[PDB]
Amino acid sequence: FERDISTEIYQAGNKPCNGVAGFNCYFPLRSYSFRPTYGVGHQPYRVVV
Amino acid sequence: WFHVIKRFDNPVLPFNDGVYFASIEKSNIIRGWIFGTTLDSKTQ
Amino acid sequence: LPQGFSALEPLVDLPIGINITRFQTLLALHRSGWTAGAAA
């Protein structure tokens, strides 16, 4: 029941990412692949809890 | 124990667990508190 | 702190659902610089 809205770049190594991706730095946010011509895995589902 | 009089004690302390706040206050000097991980726009 | 027993009834259970790891209290000042009364 906690929402994560931090846009900080994830740091894996000792080099500071300085807000951008690079060596041992990756963007935690990834986009979905919702398309109507694909299978169940790419099919979006409306989940309400 | 923190005393305010010319004393201005407004420190920042980490929130590791629950806290108990007792105030011997007159004329409602205290108004509220601020809670946050880093107290900036990067967090809520 | 006076010595005694005082029940603490619940008032508000707000479902905040966020991470909290630090806190800082707020104070109100009076302008006559600024002058603050006795408090603890």
# chains A, B, ... in the order shown; residues from 1 in each chain; ligands from 1
>>> residues_around(residues="residue 2 of chain A", least_positions_apart="6", cutoff="9 Å", atoms="only C-alpha atoms", output="list in words")
residues 16, 17, 18 and 19 of chain C
>>> closest_atom_pairs(of="chain B", to="chain C", cutoff="7 Å", atoms="only C-alpha atoms", output="CSV")
residue,atom,partner,partner_atom,distance
B:2,CA,C:40,CA,5.7
B:3,CA,C:40,CA,4.5
B:4,CA,C:39,CA,4.9
B:5,CA,C:38,CA,4.5
B:10,CA,C:25,CA,6.4
B:11,CA,C:24,CA,6.4
B:12,CA,C:24,CA,4.8
B:13,CA,C:23,CA,5.7
B:14,CA,C:22,CA,3.9
B:15,CA,C:21,CA,4.3
B:16,CA,C:21,CA,5.9
B:23,CA,C:40,CA,6.0
B:24,CA,C:40,CA,5.6
B:25,CA,C:39,CA,5.7
B:29,CA,C:28,CA,5.8
B:30,CA,C:27,CA,5.1
B:31,CA,C:27,CA,6.2
B:32,CA,C:26,CA,5.4
B:33,CA,C:25,CA,4.2
B:34,CA,C:24,CA,5.2
B:35,CA,C:23,CA,4.4
B:36,CA,C:20,CA,5.2
B:37,CA,C:21,CA,4.7
>>> write_last_selection(atoms="N, CA and C atoms", output="CSV table (one decimal), in the first residue's frame")
chain,number,residue,atom,x,y,z
B,2,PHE,N,13.1,19.8,25.1
B,2,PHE,CA,13.4,21.0,24.4
B,2,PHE,C,12.6,22.1,25.0
B,3,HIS,N,13.3,23.3,25.2
B,3,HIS,CA,12.7,24.4,25.8
B,3,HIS,C,12.8,25.6,24.8
B,4,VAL,N,11.7,26.4,24.7
B,4,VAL,CA,11.7,27.5,23.8
B,4,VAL,C,11.3,28.7,24.6
B,5,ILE,N,12.1,29.8,24.5
B,5,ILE,CA,11.9,31.0,25.2
B,5,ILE,C,12.4,32.2,24.4
B,10,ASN,N,14.3,23.9,16.9
B,10,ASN,CA,13.6,23.2,15.9
B,10,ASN,C,14.5,22.2,15.2
B,11,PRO,N,14.8,21.1,15.8
B,11,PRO,CA,15.8,20.1,15.2
B,11,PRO,C,15.0,19.2,14.3
B,12,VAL,N,15.9,18.5,13.5
B,12,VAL,CA,15.4,17.4,12.6
B,12,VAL,C,15.9,16.1,13.1
B,13,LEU,N,14.9,15.2,13.4
B,13,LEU,CA,15.3,13.9,13.9
B,13,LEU,C,14.7,12.8,13.0
B,14,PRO,N,15.5,11.7,12.9
B,14,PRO,CA,15.0,10.6,12.0
B,14,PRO,C,13.8,9.9,12.7
B,15,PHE,N,12.9,9.3,11.8
B,15,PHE,CA,11.7,8.6,12.2
B,15,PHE,C,12.0,7.1,12.0
B,16,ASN,N,12.6,6.5,12.9
B,16,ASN,CA,12.8,5.0,12.8
B,16,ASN,C,11.6,4.2,13.2
B,23,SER,N,3.6,18.0,25.0
B,23,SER,CA,3.9,19.4,25.0
B,23,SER,C,3.1,20.1,26.2
B,24,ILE,N,3.9,20.7,27.0
B,24,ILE,CA,3.3,21.6,28.1
B,24,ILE,C,3.3,23.0,27.5
B,25,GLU,N,2.2,23.3,26.7
B,25,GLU,CA,2.0,24.5,25.9
B,25,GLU,C,1.0,25.4,26.5
B,29,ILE,N,1.0,27.8,21.3
B,29,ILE,CA,2.1,28.2,20.5
B,29,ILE,C,2.4,27.3,19.3
B,30,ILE,N,2.4,26.0,19.6
B,30,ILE,CA,2.7,25.0,18.6
B,30,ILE,C,1.5,24.8,17.7
B,31,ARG,N,1.7,24.6,16.4
B,31,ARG,CA,0.7,24.4,15.4
B,31,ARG,C,0.7,23.1,14.7
B,32,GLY,N,1.8,22.5,14.4
B,32,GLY,CA,1.8,21.3,13.7
B,32,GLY,C,3.2,20.7,13.6
B,33,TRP,N,3.3,19.6,12.8
B,33,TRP,CA,4.6,19.0,12.5
B,33,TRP,C,4.8,18.6,11.1
B,34,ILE,N,6.0,18.3,10.7
B,34,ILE,CA,6.3,18.0,9.3
B,34,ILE,C,7.0,16.6,9.3
B,35,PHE,N,6.5,15.7,8.4
B,35,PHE,CA,7.0,14.4,8.3
B,35,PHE,C,7.4,14.1,6.8
B,36,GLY,N,8.6,13.6,6.6
B,36,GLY,CA,9.0,13.3,5.3
B,36,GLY,C,10.4,12.7,5.3
B,37,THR,N,10.7,11.9,4.3
B,37,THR,CA,12.0,11.2,4.2
B,37,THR,C,13.1,12.2,4.0
>>> closest_atom_pairs(of="chain A", to="chain B", cutoff="9 Å", atoms="only C-alpha atoms", output="Markdown table")
| residue | atom | partner | partner_atom | distance |
| --- | --- | --- | --- | --- |
| A:4 | CA | B:43 | CA | 8.7 |
| A:5 | CA | B:43 | CA | 7.1 |
| A:6 | CA | B:42 | CA | 6.2 |
| A:7 | CA | B:42 | CA | 7.5 |
| A:8 | CA | B:42 | CA | 8.2 |
>>> select_by_dssp(residues="chain B", states="strand (DSSP E or B)", output="JSON, numbers by chain")
{"B": [4, 12, 13, 14, 30, 31, 32, 33, 34, 35]}
>>> write_last_selection(atoms="C-alpha atoms", output="PDB file, in the first residue's frame")
ATOM      1  CA  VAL B   4      11.666  27.503  23.769  1.00  0.00           C
ATOM      2  CA  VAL B  12      15.373  17.431  12.599  1.00  0.00           C
ATOM      3  CA  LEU B  13      15.286  13.872  13.922  1.00  0.00           C
ATOM      4  CA  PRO B  14      14.980  10.560  12.042  1.00  0.00           C
ATOM      5  CA  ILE B  30       2.678  24.951  18.619  1.00  0.00           C
ATOM      6  CA  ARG B  31       0.703  24.448  15.407  1.00  0.00           C
ATOM      7  CA  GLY B  32       1.827  21.250  13.697  1.00  0.00           C
ATOM      8  CA  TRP B  33       4.610  18.956  12.550  1.00  0.00           C
ATOM      9  CA  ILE B  34       6.333  17.990   9.296  1.00  0.00           C
ATOM     10  CA  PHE B  35       6.994  14.372   8.287  1.00  0.00           C
TER      11      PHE B  35
END
>>> residues_around(residues="residue 10 of chain A", least_positions_apart="2", cutoff="7 Å", atoms="only C-alpha atoms", output="list in words")
residues 8, 12, 25, 26, 27 and 28 of chain A
>>> write_last_selection(atoms="N, CA and C atoms", output="mmCIF file, in the first residue's frame")
data_model
loop_
_atom_site.group_PDB
_atom_site.id
_atom_site.type_symbol
_atom_site.label_atom_id
_atom_site.label_comp_id
_atom_site.auth_asym_id
_atom_site.auth_seq_id
_atom_site.Cartn_x
_atom_site.Cartn_y
_atom_site.Cartn_z
ATOM 1 N N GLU A 8 14.726 9.010 -9.233
ATOM 2 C CA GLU A 8 16.171 8.896 -9.093
ATOM 3 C C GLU A 8 16.697 7.703 -9.880
ATOM 4 N N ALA A 12 24.219 1.119 -9.349
ATOM 5 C CA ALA A 12 24.741 -0.204 -9.034
ATOM 6 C C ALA A 12 26.202 -0.178 -8.608
ATOM 7 N N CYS A 25 24.452 2.410 -14.316
ATOM 8 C CA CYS A 25 23.300 3.253 -14.028
ATOM 9 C C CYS A 25 22.214 2.948 -15.046
ATOM 10 N N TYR A 26 21.012 2.647 -14.561
ATOM 11 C CA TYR A 26 19.905 2.276 -15.428
ATOM 12 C C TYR A 26 18.645 3.007 -14.991
ATOM 13 N N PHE A 27 17.743 3.211 -15.943
ATOM 14 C CA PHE A 27 16.479 3.876 -15.658
ATOM 15 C C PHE A 27 15.493 2.870 -15.078
ATOM 16 N N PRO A 28 15.025 3.056 -13.839
ATOM 17 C CA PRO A 28 14.073 2.090 -13.264
ATOM 18 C C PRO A 28 12.739 2.041 -13.990
#
>>> residues_around(residues="segment 7-10 of chain C", least_positions_apart="3", cutoff="12 Å", atoms="only C-alpha atoms", output="ChimeraX atom specification")
/B:20-22 /C:4,13-14
>>> write_last_selection(atoms="N, CA and C atoms", output="mmCIF file, in the first residue's frame")
data_model
loop_
_atom_site.group_PDB
_atom_site.id
_atom_site.type_symbol
_atom_site.label_atom_id
_atom_site.label_comp_id
_atom_site.auth_asym_id
_atom_site.auth_seq_id
_atom_site.Cartn_x
_atom_site.Cartn_y
_atom_site.Cartn_z
ATOM 1 N N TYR B 20 6.350 9.627 20.502
ATOM 2 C CA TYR B 20 5.411 10.138 21.494
ATOM 3 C C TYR B 20 5.736 11.603 21.746
ATOM 4 N N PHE B 21 4.776 12.480 21.467
ATOM 5 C CA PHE B 21 4.970 13.924 21.548
ATOM 6 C C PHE B 21 4.125 14.470 22.693
ATOM 7 N N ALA B 22 4.790 14.980 23.727
ATOM 8 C CA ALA B 22 4.132 15.627 24.852
ATOM 9 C C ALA B 22 4.565 17.085 24.910
ATOM 10 N N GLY C 4 1.424 11.001 36.599
ATOM 11 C CA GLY C 4 0.024 10.625 36.667
ATOM 12 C C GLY C 4 -0.332 9.723 35.507
ATOM 13 N N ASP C 13 -7.312 7.912 12.129
ATOM 14 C CA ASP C 13 -6.492 6.882 11.494
ATOM 15 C C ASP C 13 -6.469 7.180 9.996
ATOM 16 N N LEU C 14 -5.477 7.960 9.573
ATOM 17 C CA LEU C 14 -5.386 8.405 8.188
ATOM 18 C C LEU C 14 -4.554 7.412 7.386
#
>>> atom_distance(atom1="atom CA of residue 32 of chain C", atom2="atom CA of residue 6 of chain B")
14.1 Å
